[PDB]
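The primary structure of each chain is shown beneath.
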Amino acid sequence: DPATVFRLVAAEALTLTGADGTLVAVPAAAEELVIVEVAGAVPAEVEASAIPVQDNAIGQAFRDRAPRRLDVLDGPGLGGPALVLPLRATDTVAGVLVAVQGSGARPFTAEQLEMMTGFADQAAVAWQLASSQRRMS
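The chain goes by GAF FAMILY PROTEIN in the PDB entry, where it is assigned to Mycobacterium smegmatis. Looking at the PDB record, one finds the entry titled "Crystal structure of GAF-B domain of DevS from Mycobacterium smegmatis".

Dropping the structure here:
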């Protein structure tokens, strides 16, 4: 199941960043994303949460395909710094990976943003491959 890629993405991103939590939001043009995977300090109960595409950093990344570091991200963020990482495949964004810190954590560095951008690119390739393997079966 390609969706299983997203579980691994959330888990590996937690490990690589050491952030309090992670989440992956995926389209169910889309008007909404759905949180299919959470890890760390993001409560399990947040899974299946619907996020609007418009008017927030996560939905914006889904549209503009621009990796971004933030000093503050509120719900579904934890109030502190975040990395917003679109999972950019060739003609489609598979979803958005978000690494989240609680308030008063140090901001993410440019190097961390660069590292996780490459991770997020590699992740979308993995997902695009899984999607294609499924489609021809």
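From this point, things continue past the structure.
A. The arrangement of the sheet that holds strand β2 (residues 32-40) in detail. Strand order across the open sheet formed by six strands is β3-β2-β1-β6-β5-β4, with antiparallel pairing between neighbours. Whereas interior strands pair on both sides, the edge strands pair on one side only; in this sheet they are β3 (50-52) and β4 (68-70). Neighbour-to-neighbour, the strand axes of this sheet turn through a mean angle of 25°, independent of strand direction. The pairing of β2 with β3 spans three bridges and is classified as antiparallel. Note on β3: the bridge partner recorded for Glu32 is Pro52.

B. Main features of the pairing of β2. When strand β1 (residues 21-27) meets β2, the two strands line up antiparallel, connected through seven bridges. Following the sheet pairing, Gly21 is matched in β2 by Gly40.

C. Broad picture of the environment of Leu113. Position of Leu113 relative to the elements: it lies in helix α3 (residues 110-135). A residue is classified by how much of its surface remains accessible, and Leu113, at 15% relative accessible area, is buried. For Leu113 and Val84, which are 29 residues apart along the polypeptide, the C-alpha to C-alpha distance reads 8.8 Å. The residues touching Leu113, leaving out its near neighbours within four places in the chain, are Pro67, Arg68, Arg69, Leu83 and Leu85.

D. Expanded view of helix α1 (residues 3-17). Helix length check: α1, at 15 residues, gives a terminal C-alpha distance of 22 Å against a target of 21 Å (1.5 Å per residue), a fit within 8%. Among all positions of α1, only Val5, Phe6, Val9, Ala10, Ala13 and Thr17 are buried. What you see down the axis of α1 is that its buried residues fit within an arc of 140°, all on one side. Seen from the open side of α1, the exposed residues pointing more than 90 degrees away from its buried face are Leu8 and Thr15. Among the structural elements, β1, β2, β5 (79-88), β6 (93-102) and α3 are those in contact with the buried residues of α1. Within two residues after α1, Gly18 carries a phi angle of roughly 65°, on the positive side.

E. Up close: the pattern of salt bridges. Scanning the entire structure with this criterion turns up three salt bridges. Notably, a salt bridge pairs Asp1 with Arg134, separated by 3.6 Å at the nearest N-O pair. Assigned by exposure class, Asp1 and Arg134 land together as exposed. The salt bridge partner of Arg68 is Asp64, with a shortest N-O separation of 3.1 Å. Judged by its relative accessible area of 37%, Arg68 is partly exposed.

Conventions used here
- Residues numbered from 1 in each chain as written, not as in the entry; some residues may be left out.
- Heavy atoms only, no water.
- Pairing = 2+ DSSP bridges.
- Helix = DSSP H or I, 4+ residues; strand = E, 2+ residues; numbered from the N terminus.
- Axes fitted to C-alpha atoms, helices over the stretch in contact; angles between N-to-C directions.
- Buried < 20%, exposed > 50% of the residue type's maximum accessible area, 1.4 Å probe, protein only.
- Contact = heavy atoms within 4.5 Å.
- Expected span 1.5 Å × (residues − 1).
- Arc of directions from axis to C-beta.
- Salt bridge = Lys/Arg side-chain N within 4 Å of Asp/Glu carboxyl O.

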